Amino acid sequence: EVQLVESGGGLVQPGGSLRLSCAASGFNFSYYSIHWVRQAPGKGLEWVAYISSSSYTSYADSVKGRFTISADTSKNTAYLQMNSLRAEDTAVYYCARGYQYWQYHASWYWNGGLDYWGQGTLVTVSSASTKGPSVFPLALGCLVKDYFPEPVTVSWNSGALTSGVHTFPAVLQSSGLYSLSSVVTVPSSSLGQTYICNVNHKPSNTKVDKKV
Amino acid sequence: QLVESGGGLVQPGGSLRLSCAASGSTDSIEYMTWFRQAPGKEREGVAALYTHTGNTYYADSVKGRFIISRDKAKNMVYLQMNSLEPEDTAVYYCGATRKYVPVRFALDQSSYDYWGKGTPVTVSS
Amino acid sequence: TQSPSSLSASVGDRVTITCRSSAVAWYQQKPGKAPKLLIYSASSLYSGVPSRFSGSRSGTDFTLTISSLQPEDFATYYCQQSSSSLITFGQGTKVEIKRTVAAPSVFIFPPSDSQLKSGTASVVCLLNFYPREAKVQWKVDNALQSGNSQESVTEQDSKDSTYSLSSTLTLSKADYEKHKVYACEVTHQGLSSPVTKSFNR
Ligand SMILES: [Cl-]
Ligand SMILES: [Cl-]
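Now for a quick tour of the structure. (Residues numbered from 1 in each chain as written, not as in the entry; some residues may be left out. Chains lettered and ligands numbered in written order. Heavy atoms only, no water.)

## Topic: the state of the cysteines
Step number 1: Tallied over the full model, the rule gives five disulfides over all chains.
Step number 2: Each sulfur in the disulfide pair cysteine 20 of chain B and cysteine 94 of chain B lies 2.0 Å from the other. On the S-S bond that ties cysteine 20 of chain B to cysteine 94 of chain B, the torsion sits near -85°, and the link is left-handed. Here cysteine 20 of chain B is found in strand β3 (residues 15–22), whereas its partner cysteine 94 of chain B is found in strand β9 (residues 90–97), with 74 residues between them in sequence. When sorted by exposure, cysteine 20 of chain B lands in the same class as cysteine 94 of chain B, which is buried.
Step number 3: Across the disulfide, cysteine 19 of chain C is cross-linked to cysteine 79 of chain C (sulfur-sulfur distance 2.0 Å). Around the S-S axis, the bridge from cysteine 19 of chain C to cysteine 79 of chain C shows a dihedral of about 80° and counts as right-handed. (Disulfide = S-S within 2.5 Å. Helix = DSSP H or I, 4+ residues; strand = E, 2+ residues; numbered from the N terminus. Buried < 20%, exposed > 50% of the residue type's maximum accessible area, 1.4 Å probe, protein only.)

Below, the structure written as structure tokens:
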């Protein structure tokens, strides 16, 4: 039925530009509005902009002078031009469908909201370059430190050990690189069986197997 | 254009009268029809009126509960809604067409070229 | 751009989330996926939403009420308002599962010899526990550290509903060898007294 497909996200230097696409299909594009809602890693939802196919546009006060939204009625696709990107704009950008005249329909008793959402696209703004991780051995574990960008997947014994394993979410170091730890609790009598953590970094083609 | 007035927060079972004000030349208009659109659903037609004869055509979901009438003195088409259920909660648009379509397609969104901004109607629990 | 708030509840409880100026639309978002619309126009239920969800107006505020909490109802709930030209989203309330208090298992890890060659050293302090509140205090030769450590908490586990924390102390190789004692002092709700795990360089 109704489907919204986001695209265009990626990596961009601070100060660069990037255009996002919200390809809609399954409804009359001119009778609805398309909004842009981003969500920072581990934070709430933030509405960015909207367009009503009439050029009824609006922008949040945090992206006024550097964001521009447009649409193509023949392609049923909305466009979000982001200029002068900074580190604060790093978030997952969704696009959702709303009523065409939501500013006119908004009152004390009505609020239709956004009915259909897309799975969003990831936009990362960072000056760091793509770099492979350095694995260090550490209950036991291995430290995956200094890599860029997201994501990374850690497994033990080629996926044999998954019960009782904790791979912590990565944290952005002050140097602009990511780092996380993957720990696992094993019986003490089996220390003297070998344990290997499998780290794979696809955005850099790096596979490291360190024996703990 | 077309201006929709009335509508608001109404309890289940109540009554509500909507108004659709028209300005300018309406003699070339063939059908005056009310549409409604709920979140997630598609825009459906509920009541159509033939301006040259006065015949009314209702949908199966609103048969026996909604009454549509035209006041040719002021050129305002009304939509008297009775016995409202929470399923009627939607934005009620007022549609009109100067191109003519048969009665089969008199309740389809594609048969109407002109629309109003619509008024929202909520049936709270 | 703020972090959501927490609310502990068990299966079958009655949860009433209040939103704090037009009508409010309520959204449910599970971790890692797109949000879903629950209530629109203060108290109208969206299509496909179970009848246990319900919205209601209380004077000037708006409330979302779950009559009987279900296993698949544990997520983050946002309330959305619309001004004259700006759509705003609320803080968001993350409903978590309630479990008996559990003390964490504290572990500390010195930096490996393969890491000291790079010029930097990292000390990792590992903490399954409940609730989320916990204090990790680093001590280097009985000198309280602050600012040079980062914490990372996992999501609520799907089997036992517990959290896991990791505090990584980052120091240079020059500063790492200038000291001997390294310790992380853990303070938790389930502990009557703090627990300290230490090691010598
Ligand atoms: Cl449509
Ligand atoms: Cl709306």
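## What to know about the pairing of strand β4 (residues 36–40) of chain C
Residue and element names in this part refer to chain C.
Step number 1: For β4, the tally of buried residues reaches four of five residues, placing the bulk of the element in the interior.
Step number 2: Two strands pair when backbone bridges link them, and strand β3 (residues 25–29) and β4 are joined in this way by three bridges, in the antiparallel orientation. Note that in β4 the partner of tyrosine 27 across the bridge is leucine 37.
Step number 3: As paired elements, β4 and strand β5 (residues 44–45) share two bridges and run antiparallel to each other. Paired with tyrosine 40 across the strands is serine 44, a residue of β5.
Step number 4: The turn linking β4 back onto β5 is made up of three residues, and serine 41 within it adopts a positive phi angle of 55°. (Pairing = 2+ DSSP bridges.)

## Some details on the packing of aromatic side chains
Step number 1: By the definition in use, this model includes 25 aromatic pairs over all chains.
Step number 2: Members of the aromatic cluster, connected to one another through ring pairs, are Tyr31 of chain A together with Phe35, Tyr112 and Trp115 of chain B.
Step number 3: Positioned above the aromatic ring of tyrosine 32 of chain A is the side chain of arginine 97 of chain A, whose terminal nitrogen or guanidinium carbon lies 3.8 Å from the ring centre.
Step number 4: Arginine 17 of chain B extends its terminal NZ or CZ atom over the ring of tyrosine 78 of chain B, reaching a point 4.2 Å from the ring centre. (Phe/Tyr/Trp six-rings, centres within 6.5 Å; stacked < 30°, edge-to-face > 60°. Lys NZ or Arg CZ within 6 Å of the ring centre and 35° of its normal.)

## Thoughts on the interface of chain A and chain C
Step number 1: Facing the 45 residues of chain A at the interface are 49 residues of chain C.
Step number 2: Taken over both partners, the interface formed by chain A and chain C buries close to 3,900 Å², and the fraction arising from carbon and sulfur atoms is 59%.
Step number 3: When the area that chain A buries against chain C is broken down by residue, the three leading residues are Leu45, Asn111 and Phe168 of chain A, summing to 17%.
Step number 4: Connecting chain A to chain C are zero salt bridges.
Step number 5: Taken together, the connections running from chain A to chain C amount to 14 residue pairs in polar contact.
Step number 6: Among the elements that line the side of chain A that touches chain C, the one with the most residues is strand β10 (residues 114–117) of chain A, at four residues.
Step number 7: Looking at the side of chain A that touches chain C, its residues break down into 24 nonpolar, 16 polar and five charged. (Contact = heavy atoms within 4.5 Å. Buried area = accessible area lost by both parts, 1.4 Å probe. Salt bridge = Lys/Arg side-chain N within 4 Å of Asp/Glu carboxyl O. Polar contact = N/O pair within 3.5 Å; in protein donor to acceptor, adjacent residues only side chain to side chain. Nonpolar A, V, L, I, M, F, W, Y, C, P; charged D, E, K, R; others polar.)

## Points about the interface of chain B and chain C
Step number 1: Contacts between chain B and chain C engage nine residues on the former and eight residues on the latter.
Step number 2: Across the chain B to chain C interface the summed buried area is about 590 Å²; carbon plus sulfur atoms make up 53%.
Step number 3: Three residues stand out in chain B for area buried against chain C, namely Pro39, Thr89 and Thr122 of chain B, and they jointly supply 54% of the buried area on that side.
Step number 4: Counting every contact that joins chain B to chain C gives zero salt bridges.
Step number 5: Joining chain B to chain C, the criterion identifies zero residue pairs in polar contact.
Step number 6: By residue class, the composition of the side of chain B that touches chain C is three nonpolar, five polar and one charged.

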